[PDB]
> 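I'd like to ask you about the structure that follows.
Throughout, protein chains are lettered first and strands after them, A, B, ... in sequence-line order, and every chain is numbered starting at 1.
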Amino acid sequence: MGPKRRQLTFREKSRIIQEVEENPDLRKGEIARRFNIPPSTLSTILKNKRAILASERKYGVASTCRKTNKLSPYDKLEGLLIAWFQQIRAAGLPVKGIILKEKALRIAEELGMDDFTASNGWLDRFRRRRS
DNA sequence: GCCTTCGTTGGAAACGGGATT
DNA sequence: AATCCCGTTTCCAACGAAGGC
């Protein structure tokens, strides 16, 4: 069968939002038509306006593909890890993948996440997620 | 009639860790 | 080492029924 729900990218939802703010004198149903989405869908996008724009910023160039702001159960660790290597890149230096995995396992120890393994799946997803 | 909210649940994307490039 | 794979699990978000203007 065909799809039953159309999922949109953060970039697409961002455009829809921007459309409504630049055309306050148009019927919401009119804007929904222009993007070919249920008025129901447009409303929920507008209500999540701030989260959506935050996600678009968060995913950066990946907003062109990312649709969901799903988090990893190790999200707290990912926050610390990012801040960490993002501070190294601020000095114009690259962060070796090997050092990244090492640092993640140490942060996990500190947080008490005994089940974190810095698994291949997790690392790959992180690399493509936080892109 | 227009538009949004509520609630259901479709489906994106998380997971581990062995397989593969 | 970095990626990919895949059976499974977890939970974000789309959209129709309802209901308030």
Side-chain angles (χ1 to χ4, degrees):
Chain A
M1 291 289 265
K4 301 176 67 181
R5 294 186 196 170
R6 167 90 164 306
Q7 272 281 2
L8 308 157
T9 66
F10 283 113
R11 181 62 90 268
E12 284 160 338
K13 281 174 291 194
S14 177
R15 182 181 170 185
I16 292 175
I17 287 165
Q18 178 190 177
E19 186 75 339
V20 173
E21 306 186 318
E22 305 179 321
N23 296 260
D25 291 317
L26 293 173
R27 293 181 164 302
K28 292 283 178 287
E30 175 42 34
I31 297 185
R33 183 202 120 275
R34 294 185 176 191
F35 292 94
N36 189 207
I37 57 174
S40 179
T41 298
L42 172 58
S43 295
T44 145
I45 288 180
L46 290 185
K47 188 164 189 180
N48 297 314
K49 186 187 305 180
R50 298 193 182 187
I52 290 173
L53 290 176
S55 291
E56 176 180 59
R57 276 183 263 107
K58 174 191 178 185
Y59 292 106
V61 308
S63 293
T64 280
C65 308
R66 192 73 183 195
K67 302 175 183 169
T68 287
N69 187 202
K70 181 145 162 89
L71 308 181
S72 152
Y74 309 127
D75 184 76
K76 188 179 175 75
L77 176 162
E78 283 172 37
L80 297 166
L81 191 57
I82 285 174
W84 168 78
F85 72 60
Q86 220 160 60
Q87 183 172 54
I88 292 175
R89 300 189 68 235
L93 302 180
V95 50
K96 294 183 170 174
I98 270 300
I99 300 305
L100 188 87
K101 177 174 181 178
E102 184 178 298
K103 181 62 172 180
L105 288 176
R106 286 168 182 166
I107 296 179
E109 279 182 60
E110 293 227 281
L111 266 38
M113 292 174 287
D114 312 322
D115 282 3
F116 186 62
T117 257
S119 83
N120 298 329
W122 167 79
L123 182 55
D124 183 48
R125 272 167 227 119
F126 177 55
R127 292 176 192 291
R128 294 184 308 157
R129 173 191 311 134
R130 81 78 34 187
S131 58

> Would you say B:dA14 has OP1 or OP2 under 4.0 Å from some side-chain N or O of A:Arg130?
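The answer is no; no side-chain N or O of A:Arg130 sits under 4.0 Å from OP1 or OP2.
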> Give a yes/no on whether any side-chain N or O of A:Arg5 is located under 4.0 angstrom from OP1 or OP2 of B:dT9.
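No, A:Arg5 has no side-chain N/O under 4.0 Å of OP1/OP2 on B:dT9.
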> State which of B:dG10, B:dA14, B:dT4 makes the closest approach to the side chain of A:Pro39.
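That would be B:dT4.
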> Would you say A:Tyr59 places a side-chain N or O within less than 4.0 Å of OP1 or OP2 belonging to B:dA12?
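A:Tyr59 to B:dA12 OP1/OP2: no side-chain N or O under 4.0 Å.
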> Base, sugar-phosphate, or nothing for A:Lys101, non-hydrogen atoms under 4.0 angstrom?
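Since no nucleic acid heavy atom lies under 4.0 Å of A:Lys101, the category is nothing.
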> Does the side chain of A:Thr41 get closer than 4.0 angstrom to OP1 or OP2 of C:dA14 through an N or O atom?
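Result: no.
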> Where the side chain of A:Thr41 meets the backbone of A:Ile37, is there a donor-acceptor pair that is under 3.5 Å apart?
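Checking the backbone N and O of A:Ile37 against the side chain of A:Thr41, no donor-acceptor pair under 3.5 Å is found.
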> Any donor-acceptor pair under 3.5 Å between the side chain of A:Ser40 and the base of C:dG16?
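Present.
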> If the cut-off is 4.0 Å, is A:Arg129 near the phosphate of B:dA13, judged by side-chain N/O to OP1 or OP2?
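For B:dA13, OP1/OP2 do not have a side-chain N/O of A:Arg129 under 4.0 Å.
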> Of the listed nucleotides (C:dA13, B:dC3, B:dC6), which one gets closest to any side-chain atom of A:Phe10?
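Side chain of A:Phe10 sits closest to C:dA13.
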> Does a side-chain N or O from A:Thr68 land closer than 4.0 Å to OP1 or OP2 of B:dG11, or not?
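Looking at the OP1 and OP2 atoms of B:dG11, neither is under 4.0 Å from any side-chain N or O of A:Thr68.
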> If you take atom types as modelled and just measure distance, does the side chain of A:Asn120 reach the base of B:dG18 with a donor-acceptor pair under 3.5 Å?
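A donor-acceptor contact between them is present.
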> Are any of the side-chain nitrogens in A:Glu78 or A:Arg130 under 4.0 Å away from the carboxylate oxygens of its partner?
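Judged by the 4.0 Å cut-off on N to carboxylate O distance, A:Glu78 and A:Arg130 do not form a salt bridge.
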> Looking at CG of A:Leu81 and NZ of A:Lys101, how far apart are the two atoms once the value is rounded to the nearest 0.5 Å?
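With rounding to 0.5 Å, CG (A:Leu81) is 13.0 Å from NZ (A:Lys101).
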> Check every atom of B:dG16, C:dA13, B:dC3 against the side chain of A:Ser119 and return the nucleotide holding the closest atom.
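The answer is B:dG16, which lies nearest to the side chain.
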> Would you please classify the geometry between the A:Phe116 ring and the A:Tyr74 ring as parallel, tilted or perpendicular, with 30° and 60° separating the classes?
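A:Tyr74 vs A:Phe116 ring planes: perpendicular.
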> Provide, to the nearest angstrom, the distance between the CZ atom belonging to A:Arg127 and the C1' atom belonging to B:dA13.
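Atom-to-atom, A:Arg127 to B:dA13, this comes out as 18 Å.
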> Can you check whether any acceptor in the base of B:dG16 is under 3.5 Å from a donor in the side chain of A:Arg125, or vice versa?
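Answer yes: a donor N or O sits under 3.5 Å from an acceptor.
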> Taking side chain as C-beta onward, heavy atoms only, is A:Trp84 less than 4.5 Å from A:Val95?
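Side chain of A:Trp84 against side chain of A:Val95, heavy atoms only: contact under 4.5 Å found.
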> Tell me what A:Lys96 touches on the nucleic acid: a base, only sugar-phosphate, or nothing, going by heavy atoms under 4.0 Å.
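Counting heavy atoms under 4.0 Å across all strands, no contact is made by A:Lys96.
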> Just N and O in the side chain of A:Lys70: are any of them under 4.0 Å from OP1 or OP2 of B:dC15?
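Answer is no, no contact under 4.0 Å.
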> Look at all strands and tell whether A:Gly97 reaches a base, only sugar-phosphate, or nothing, counting heavy atoms closer than 4.0 Å.
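Sugar-phosphate only.
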> Below the 4.0 Å mark, does B:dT4 have OP1 or OP2 next to a side-chain nitrogen or oxygen of A:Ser43?
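Yes, A:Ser43 has a side-chain N/O under 4.0 Å of OP1/OP2 on B:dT4.
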